[PDB]
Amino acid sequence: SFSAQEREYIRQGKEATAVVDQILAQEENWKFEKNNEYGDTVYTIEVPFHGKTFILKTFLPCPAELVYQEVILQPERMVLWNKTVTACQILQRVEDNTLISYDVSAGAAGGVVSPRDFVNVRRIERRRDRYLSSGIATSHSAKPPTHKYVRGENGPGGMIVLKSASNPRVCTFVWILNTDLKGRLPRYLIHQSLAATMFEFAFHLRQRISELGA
């Protein structure tokens, strides 16, 4: 038993997950975009309806299970160490695998790209060799857009932790990000701000993992 609205949220989470699996199977076709001194690499891939999608890939010196807990399962707690986001509230839960959240991004690009708020549905799956949280924009009557923030809108994307088949003390983290921030800044500037936000995110994750092992 689920209302028609809860079934629509469940379908949206499953459709986002199908796109994420598709992007992950097209790894050989990712286009290198940028990397940094820590070896964090950002790629892009052109996806059928949502367009250009960014992908951060970073290896982490800890077991998959741990990242899964800090990033994929404690979304509300992430706000404390993940400085690229200033708020996260779960508005509603459907079954055990799908959640509807409200999220506010921190200002970015040295203040050139202002904060955005978002309403997302996301779909957590624990598999044999990986853990995923896939999502996409949705609507929720408790969080209509307001004058306080531009209401950004995520296309399909998510965060994935890939278990290492050869060394269980390490894992690989992948963030697939497709978002429309709206407004009128030129697209190249938004893109540079997204890449930069992904490296800051990796920098906070790495930091969080280190304090959690000391």
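Counting begins at 1, following the sequence as shown.
- Averaged over their C-alpha atoms, the temperature factors of 181-189 and 63-71 are higher for 63-71.
- Two stretches are in play, 20-28 and 192-200, and the higher mean C-alpha B-factor belongs to 20-28.
- Which of 114, 89, 120, 133 has the largest Cα B-factor in the deposited entry comes down to 89.
- As recorded in the entry, 108 carries the highest CA temperature factor of 99, 104, 137, 108.
- For residue 154, the recorded CA B-factor ranks within the lowest third of the chain. Only modelled residues enter the ranking.
- When the CA B factors of the chain's modelled residues are split into thirds, the value for residue 170 lands in the highest one.
- For residue 42, the recorded CA temperature factor ranks within the lowest third of the chain's modelled residues.
- Sorting the modelled residues of the chain by their CA temperature factor places residue 53 in the lowest third.
- Per the deposited record, the Cα B-factor of residue 127 falls in the highest third when ranked against the other modelled residues of its chain.
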